[PDB]
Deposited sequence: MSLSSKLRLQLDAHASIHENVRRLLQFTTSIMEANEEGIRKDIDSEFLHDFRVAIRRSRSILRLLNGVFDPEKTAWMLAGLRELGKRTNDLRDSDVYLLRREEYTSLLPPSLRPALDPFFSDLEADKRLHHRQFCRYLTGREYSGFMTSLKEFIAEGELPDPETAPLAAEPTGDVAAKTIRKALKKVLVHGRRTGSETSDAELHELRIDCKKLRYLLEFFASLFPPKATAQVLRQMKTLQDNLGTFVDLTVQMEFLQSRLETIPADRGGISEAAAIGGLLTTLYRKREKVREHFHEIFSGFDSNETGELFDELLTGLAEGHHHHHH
């Protein structure tokens, strides 16, 4: 993504949406033809990033347009959830049967055949949504709206006319601050993980304003904090799923198996958090951001 450093933040956020919506549209065929699971993944990342930035930078667009985009994107994202789960868990097939004693492994067959049936249903549901008018009406209106370069009423869109550099340095700095304030359980790790996502999204949005070498230095600096939190949440999610699948004797032993194995690992991940954040919460970190943001 290529930003104009002296353009208003309204201009640069529009450029972001142009970019992310073009990703959504580019990935529709691969999803519909079921080429592989990466297409839906990239489609979801584009939505998540759009929603995140539009919310972090509230006041860049007219308030009615902002709520309309956010509500539309939220519902679009929601539409992708069931199909994404289906792809995701089927992809864990080799891995899941590898955690189990060879005696519990065959009891996972009905579980994966259920997943394949779910995949078929969700694929059809989502494709029917992608080829309908509600989706295409939304996307057409969205593209049309993001083509509008004219600045909105600054009374109710007070951020729109501000210079990007200013906004970039202020928002990143505040996002880093939130991470540290908050880092200094379960609920603490879930929240902190979102703090880091929000920081990462801003970095990736604003990257073309920086020298390449300091964006990477900063993202490498965050990487183990983000790996910790991301794995901890993903395992929680997996456990929540496997939990639910139980309510619906061999198969039960197998899932109790996976559940137990993932709970174990999640506690180890947990235990290693404090070390990692304490290493991130350093004077060096705060300098690396100084170097990134200097002169903005």
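Several segments of the deposited sequence have no coordinates for C-alpha: 1 to 8, 193 to 198, 263 to 269, 318 to 326, numbered from the first residue.
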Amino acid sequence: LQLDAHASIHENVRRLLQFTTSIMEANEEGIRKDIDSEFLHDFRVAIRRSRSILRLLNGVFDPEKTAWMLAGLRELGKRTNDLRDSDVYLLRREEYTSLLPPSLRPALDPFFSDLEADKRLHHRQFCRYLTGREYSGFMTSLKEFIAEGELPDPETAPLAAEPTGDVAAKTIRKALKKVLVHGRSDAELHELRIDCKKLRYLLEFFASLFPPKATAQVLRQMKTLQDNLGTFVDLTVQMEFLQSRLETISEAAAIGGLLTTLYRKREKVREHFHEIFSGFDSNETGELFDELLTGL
From here on, numbers count along this sequence of modelled residues.
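The PDB entry reports B-factors from which the mean C-alpha value can be compared for 107 to 115 and 130 to 138; the larger average falls on 107 to 115. Stretches 7 to 15 and 274 to 282 differ in mean C-alpha B factor, with the higher average recorded for 274 to 282. Per the PDB record, 218 has a higher Cα B-factor than any other of 88, 196, 218, 157. Per the PDB entry, 224 shows the highest C-alpha temperature factor of the residues 224, 164, 81, 171.
Ranked against the other modelled residues of its chain, the C-alpha B-factor of residue 210 as given in the entry falls in the highest third.
Remark: residue 51 belongs to the lowest third of its chain, ranked by C-alpha B-factor as recorded. Residue 251: CA B factor in the highest third of modelled residues in this chain (values from the PDB entry). The deposited CA B-factor of residue 69 belongs to the lowest third of values across its chain. For residue 26, the recorded CA temperature factor ranks within the lowest third of the chain's modelled residues.
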